[PDB]
Every structure is written in structure tokens, then in C-alpha cells.
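One protein chain, two forms: both are listed below as C-alpha cells, the first as structure 1 and the second as structure 2.
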Structure 1
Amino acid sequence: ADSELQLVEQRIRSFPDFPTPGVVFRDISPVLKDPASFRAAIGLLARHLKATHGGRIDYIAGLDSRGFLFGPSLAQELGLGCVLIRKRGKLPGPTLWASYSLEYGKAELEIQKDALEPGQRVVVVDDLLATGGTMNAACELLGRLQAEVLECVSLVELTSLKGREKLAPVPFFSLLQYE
């Protein structure tokens, strides 16, 4: 058992029935508050991506909002820029947008039309994968820009919600798996 993974796992805390009945909410806040834990999370993700893609990445894409907490740090670790995929209405200039559902509601994601040029290689990062709706919407938009999505990564994966399978055949990797 990797001690690095334990530093992350030990800092996840759970709240039942938030924000709606029957949801078991995984709170990442303690990971951010513990510098040792955050550093471990970024390092583990970066190690995976370095080994899996050999540096052949152009940009990291961070997902509004909790994905914002990991995107830039991960990109910086890898020497890469970070592109923003945001909740609809937040980004200026020409955009594309897509509707989707997540575990406990629905929303719309959006990306600036000039965020990526055709052919550019991207890895998508978010804090947690659940139903995979949010990540799938991100992949759909990056596809509209003719970007190649190499992989999607998160800190946490809720495997009972089968988000992984929803993303196929786009590869996926998480640090931690809960039901």
C-alpha cells in the first residue's frame, strides 16, 4: 500500500445526504488544507501521466470549479498550460456549450472557441468522478474543438455509479475508489 496514496485517502471526509437525500458527499477540503496531502495528490497524478503519455501532452483541462483546485498545480508540475472548461455563462468571447447531468443535478459546461487548436493533446482533470456526466460533457466540447483527449483523471472515483464505463473508450485514472 503506497504511503503517498494514504496521505490523500486519510484526508477525505464524508457527509451523508448532501446536497440531497441519498448522496454520500466526499469532501476534498481536508486534502487542500493539508499541504502534505495536496502535494501527494498532485505528485501521484503527475507520475501517472508522465509514465502513461511520455510528455506527449499539450494542455491540462481543469473543470469548474473543484477541478480548478488541481488543474493548474498539475499542469505546472508537468510544465504545461491549463485550459478552463467552465459552467455556462462564466467565460467571455465566442464559446461552445453542452448540457449534462451529474450525480445530484443538471448543468451546462462551456469552453472558449480558441481554447485549443485542432490536433492538440489534452488531459482532463477533475476532483471527483461520479456518473461521469461532467467529464463526458468536457470531452464532448474538447472534441468539438478537434482536440485529442488522451485521458481523464480525478482524485476520487465512485465506482458504483459506473462513471468509468460512461467515459469509455477514453482512458480514465483515479487515485481513490469508493463505492
Structure 2
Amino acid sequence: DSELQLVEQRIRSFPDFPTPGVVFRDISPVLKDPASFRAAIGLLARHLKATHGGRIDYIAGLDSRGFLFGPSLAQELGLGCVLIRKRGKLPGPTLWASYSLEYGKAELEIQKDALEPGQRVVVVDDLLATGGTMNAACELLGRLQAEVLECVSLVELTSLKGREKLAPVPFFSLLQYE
């Protein structure tokens, strides 16, 4: 697939960042090449319409790199984008959810009024690894009584079993690495 290859060719790999033995998958060249970025958004939007038709109310973008994709995906789909942030950044009443990031704890947060009960949401981030970030986002949304239709990413690291962590919430990635 030509559109898929536009994206795949613009992932840059950096061994041993941030820690030895790992490979960091850098999306920066995707954002830097307008045809690549457009291709990534189009592939996501196409899959989502093919899977949910008109049922998606909102995209939820995950702080920070998910913010690079959320608004553009929402726009392509004719939808608004809600924000899920790292804790301490959002004004107004909030809820938060901890997850394991690196060697300690991080927390995501959402405004209590971000969604109404029963609203249907697709979560986007750049990359699924352990699924801790995405899972925390789903927890937040469920605690607003929102329905998470699917989570999606550009990249998925399959050996980390992020997909299983999210299950039964469906998951879709453009690209898969070990």
C-alpha cells in the first residue's frame, strides 16, 4: 500500500532511547512531510468510518504526541476533539487515573464535563507500547459513562501486548513493530 508506505518510510528508529535495548520509533518525519501526515490521517479516518460509520461523537487526543493527531483526525471526520491531559494542566473539576510509566507513577486527567453519559469516543495516540496510557484514558472515559468505541495509533509495539491490555476495547494501528 502506497499511502501506508508514505507513513512507514517516515518512521525513524533510535536504539537505546530513552533506555538501553529498546528502539524508539520517532514519528517526527511523518509530521515534517505533509504527504505522509495527510496519508496517516486519511488511513486512520478511513478505517474508523469503515468500522463505526456515523457512530463516533468525538475523538479524544492523548497528551502530548496524541495532540499531534487528534485535531486533524477529528477534522477529517467532521468531529470535535476532546483532551486527555497529563495531570495538573486542566482547569475546572477533573478526574484522574494513575498508570505505570517507566519506573514510577504518572496520571492522566479529564475535565468532569468533557463528555456526557453515553457519548461515543475514539481515542488516538501516536504509539501503543504497554497500553498503560491508553488504558488510563479508557478508564477516565468510562468514569464519565462515555462509550469507548476504539483506540487507535500510528505505531504498535506488539511484543508489549498493549492490545490485550485494552481488550475488550477494539484497537487498530497503522504500523506494527516487535
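Here the rigid core means the biggest group of C-alpha atoms that line up within 1.5 Å when the two forms are laid on top of each other. For numbering, take structure 1's sequence and count from 1.
- Core-based superposition between the two structures shows that, of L84, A98, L102, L80, only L102 has its Cα displaced by 2 Å or more.
- The Cα position of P16 changes by 1.1 Å between the two structures once both are aligned on the rigid core.
- Core-based alignment between the two structures gives a C-alpha movement of 0.1 Å at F68.
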